[PDB]
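Novice: From the sequence below, what's the structure:
(one chain, ligands or ions: 1)
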Amino acid sequence: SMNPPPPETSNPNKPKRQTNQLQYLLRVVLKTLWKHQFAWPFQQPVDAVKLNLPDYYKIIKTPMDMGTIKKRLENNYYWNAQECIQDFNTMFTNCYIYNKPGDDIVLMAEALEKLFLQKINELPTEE
Ligand SMILES: Cn1cc(-c2cc(S(C)(=O)=O)ccc2OCC2CC2)c2cc(-c3cn(CCF)nn3)ccc2c1=O
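Specialist: Residues are numbered from 1 along each chain as shown. Provided below are the atomic coordinates:
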């Protein structure tokens, strides 16, 4: 069984930028989530080989995880905060699409998403 290549975390042709909102996203948002007790399943791409999930990447064609998001933020991959917010939403939605209600992973995602939304509610206005 094989995993797909992970989402890119750098791109030679993609313009790069660091905004106050992007800094908040790394320093406050990703920080709060990364250290949460439920963060670890989301800290790297889903390893469908190790987890024996042969259908994972047949169902999930836009994978995303907080390890990828962290590297994108650190590498200044993004132009704006919305791109990063979108990656978080992709991560959460993928979890709800692939998994079933009551699954442990779904309960973990829901908790993390609640914290996520709390933190982005105070996203600072762009300078
Ligand atoms: C987003 N996500 C993440 C993981 C996950 C990934 C890793 S990882 C980074 O090392 O690949 C490490 C632990 C993980 O979940 C741990 C789980 C307790 C909460 C995941 C795992 C499964 C799964 C199914 N079964 C059945 C026996 F195999 N076992 N596990 C299903 C969906 C997901 C998913 O949707």
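
Novice: Return the residues of the protein in contact with the ligand.
Specialist: Taking C-beta under 6 Å from any ligand atom as the contact definition, the chain meets the ligand at 41-42, 44, 46-47, 50-53, 95, 98-99, 104-105, 108. Placement of C-beta: from N, CA and C, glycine included.

Novice: can we see that at 5 Å?
Specialist: Selection of the chain residues close to the ligand by C-beta under 5 Å from any ligand atom yields 41, 44, 46, 47, 51, 52, 95, 104, 105.

Novice: Could you find the closest non-adjacent residue to the second one?
Specialist: Yep, that's residue 44 we're talking about. Among residues not flanking residue 44 along the chain, residue 67 sits closest, at 4.4 Å (C-beta to C-beta, 6 or more residues apart in numbering).

Novice: elements contacting the strand or helix carrying the one you found?
Specialist: Assigned by DSSP states H and E, residue 67 falls within helix 66-74. Helices and strands touching helix 66-74, as assessed by 3 or more C-beta pairs under 8 Å, 6 or more residues apart in numbering; DSSP states H and E, comprise helix 31-34, helix 81-98.

Novice: Touching the longest one from outside, list them.
Specialist: This points to helix 81-98. For helix 81-98, the surrounding residues in contact (C-beta atoms under 8 Å, 6 or more residues apart in numbering) are 19, 21-22, 24-25, 29, 42, 56, 59-60, 62-66, 68-69, 72-73, 78, 105-106, 109, 112-113, 116, 120, 123, 126.
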